[PDB]
Amino acid sequence: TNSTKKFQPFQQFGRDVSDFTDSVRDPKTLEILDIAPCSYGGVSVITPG
Amino acid sequence: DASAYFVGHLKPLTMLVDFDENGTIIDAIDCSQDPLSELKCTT
Ligand SMILES: *[C@@H]1O[C@H](CO)[C@@H](O)[C@H](O)[C@H]1NC(C)=O
């Protein structure tokens with residue numbers, strides 16, 4: 001997804017507290033993006049037996 | 001005219017750094033200089 005941050009010319013990657021890379025700069029068109037997994041939320045199955 | 005320069009030497013130390021929401025370094029505390037900064041390094 002489109003991001004909002006911007007950093008120095010000598011910086012390419014940014015990481016989270018858990019050292020997960022969440023910000024990447026596209027090398028062709030100089031824009032900043034954001035990554036997030038599409039596995040999210042909790043499910044629960046109810047069975048009568 | 002007359003000018004002056006200052007020269008210091010580097011030492012191996014342990015640093016505590018903090019960044020703001022733009023990644024700019026705004027403060028730094030070195031340990032081993034006084035007990036309060038040692039407490040801040042520990043905590
Ligand atoms: C961070 O960047 C924004 C946009 O350039 C700027 O307005 C702001 O003063 C900067 N600093 C902080 C502490 O938000």
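Residues numbered from 1 in each chain as written, not as in the entry; some residues may be left out. Chains lettered and ligands numbered in written order. Part of a larger assembly, values for the part shown. Heavy atoms only, no water.

Method of determination, as annotated in the archive: cryo-EM, at 3.1 Å resolution.

By the naming in the PDB entry, chain B is Spike glycoprotein, taken from Bat coronavirus BM48-31/BGR/2008. Recorded in the entry header as its title is "Sarbecovirus BM48-31 Spike Trimer in a Locked Conformation".

Taking the PDB entry as the reference, chain A is identified by name as Spike glycoprotein belonging to Bat coronavirus BM48-31/BGR/2008.

Chemist: Is there a simple way to explain the site of the ligand in this structure?
Modeler: All names here are of chain B. With respect to spatial proximity, the complete set of residues near the ligand consists of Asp 20, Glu 21 and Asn 22. Within the side chain of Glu 21, a nitrogen or oxygen atom sits 2.9 Å from an oxygen atom of the ligand. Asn 22 has a polar side-chain atom sitting 2.3 Å from an oxygen atom of the ligand. (Near = heavy atom within 4 Å. Polar contact = N/O pair within 3.5 Å; in protein donor to acceptor, adjacent residues only side chain to side chain.)

Chemist: Looking at this model, I keep getting lost on the pattern of salt bridges. Mind explaining?
Modeler: Proximity of charged atoms lets side chains of opposite charge pair with each other. All names here are of chain A. Following the criterion strictly, the structure yields one salt bridge over all chains and no others. We note a salt bridge from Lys 5 to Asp 34, for which the minimum N-O separation is 3.7 Å. Pair noted here: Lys 5 is in the segment before β1 (13–15) and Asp 34 is in strand β3 (residues 32–34), with a separation of 29 residues, a long-range link. Residue classification places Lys 5 among the partly exposed positions, given a relative accessible area of 37%. (Salt bridge = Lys/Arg side-chain N within 4 Å of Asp/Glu carboxyl O. Helix = DSSP H or I, 4+ residues; strand = E, 2+ residues; numbered from the N terminus. Buried < 20%, exposed > 50% of the residue type's maximum accessible area, 1.4 Å probe, protein only.)

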